[PDB]
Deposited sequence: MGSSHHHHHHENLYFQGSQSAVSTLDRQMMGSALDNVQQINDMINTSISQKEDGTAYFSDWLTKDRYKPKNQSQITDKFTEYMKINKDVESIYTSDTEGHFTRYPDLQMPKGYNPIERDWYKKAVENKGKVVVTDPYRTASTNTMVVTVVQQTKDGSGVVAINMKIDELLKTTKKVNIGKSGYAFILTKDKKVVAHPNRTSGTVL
């Protein structure tokens, strides 16, 4: 009963994150060294615009190549000193050698908003692509409501 309910909710969450994995899988193939050239930046923005406008549960989509050429939709002003290559989303993607990762919750550099990030290094290793979801919007992924006892799993 109560366990049936929590498992529906847990399925709604992992389905949502699994759909984001389909986004990073596509961009992992499409994003190449060639696409990271400055003259091609409008192509990345156009594809990110499409992705965001059809996925109304998404906070943002962004990529960096290995040189820190960073593209985000929406195109917010990033803080002075922002370095995508030094963020854990980027490092964890590179660590997983092209396998998709789902991060712990953290606050964005851009707005200090609490998000989960689905992130993946590109097939050719030229970059990392990432999709943010606000915790608030969300409510294999590794996320689940689980019975606890003084915050201890049972």
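Could you list the ranges of the deposited sequence that have no C-alpha atoms in the model? Comparing the full sequence with the modelled residues, the uncovered ranges come out as 1 to 31, 171 to 179, 195 to 205.
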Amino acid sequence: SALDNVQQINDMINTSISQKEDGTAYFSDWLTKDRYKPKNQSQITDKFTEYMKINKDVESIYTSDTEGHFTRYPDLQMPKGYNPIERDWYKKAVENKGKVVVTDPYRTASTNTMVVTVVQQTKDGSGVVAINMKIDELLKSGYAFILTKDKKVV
From here on, numbers count along this sequence of modelled residues.
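If you average the Cα B factors in the entry, which is higher, 126 to 134 or 5 to 13? So the stretch with the higher mean C-alpha B-factor is 5 to 13.
Select one of 87, 69, 35, 97: the residue whose C-alpha shows the highest B-factor in the crystal structure entry. Most elevated C-alpha B-factor of the set, per the entry: 97.
Classify residue 92 as lowest, middle or highest third according to the C-alpha B-factor given in the PDB entry, relative to its own chain. Within its chain, residue 92 is a middle-third residue by C-alpha B-factor, going by the deposited values.
How does residue 29 rank on Cα B-factor within its chain, lowest, middle or highest third? Middle third of the chain for residue 29's C-alpha B-factor.
Lowest, middle or highest third: which one holds residue 102 when the chain's residues are ordered by CA B-factor from the entry? According to the entry, residue 102 has a C-alpha B-factor in the chain's middle third.
Where does the C-alpha B-factor of residue 114 rank in its chain, lowest, middle or highest third? It belongs to the middle third of the chain when residues are ordered by C-alpha B-factor.
Modelled-residue ranking by C-alpha temperature factor, third containing residue 61: For residue 61, whose C-alpha B-factor we compare with every modelled residue in the chain, the answer is the lowest third.
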